[PDB]
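Take a look at this single chain in structure tokens; it is the form deposited in one PDB entry.
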């Protein structure tokens, strides 16, 4: 497959999907035994290893719907991937979404035209796989990790002048990132299972940033929750 330089079998049934290919290294290195690096195409590194005896691959996706859509397609069609779990951050758009919370996206809103191109007059609401969602929820509660479950907002432009996230915040949307709608939709189309799990990098509407220590912490939590989300 054009964008992933892996051979058949090198990629696990389950893949974690950080936006950052260097967080794809750090994860694979700091959490998995017997790492391999299957892809180095474009510097978007993929790694396969084991956690508790089991195969888990970790692939970087890049930023924005088009980028992740490329990898999520090839991972599914070309390497028959069964479980896809994005693990990244997001800006929070509500006061009551706290900097230590870990977000599991049930659904995602978007201003990307990726869906409107496919459907036309229908607002297509993507959907996380409820099994993968439940398992992550349980896995978080069992260990006592704080967790918020609601919707998110997949943006096309990081620096939006015509920013309606003020209106979306009023409707309950928890925060904004730039991939989930893609993951959830492509997974659903091909009959696979997806889930986004997201930490809070900052509050967008109060400007307030989170300290690097808090990020390290909840970043670690996310990955733990991730790693138990299967079965």
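Rigid core (definition): largest C-alpha set, two forms, superposition within 1.5 Å. Numbering follows the first chain given and starts at 1.
Beyond the structure shown, there is the form deposited in another entry, which is absent from this document and is the topic of what follows.
Once both forms are fitted on their core, a CA shift of 2 Å or more is seen for residue 210 between this form and the one not shown. Figure legend: C-alpha atoms of residue 218 and residue 136, shown here, are separated by at least 3 angstroms more in the other form. Relative to what is shown, residue 212 and residue 37 are closer in the other form; their C-alpha atoms differ in spacing by at least 3 Å.
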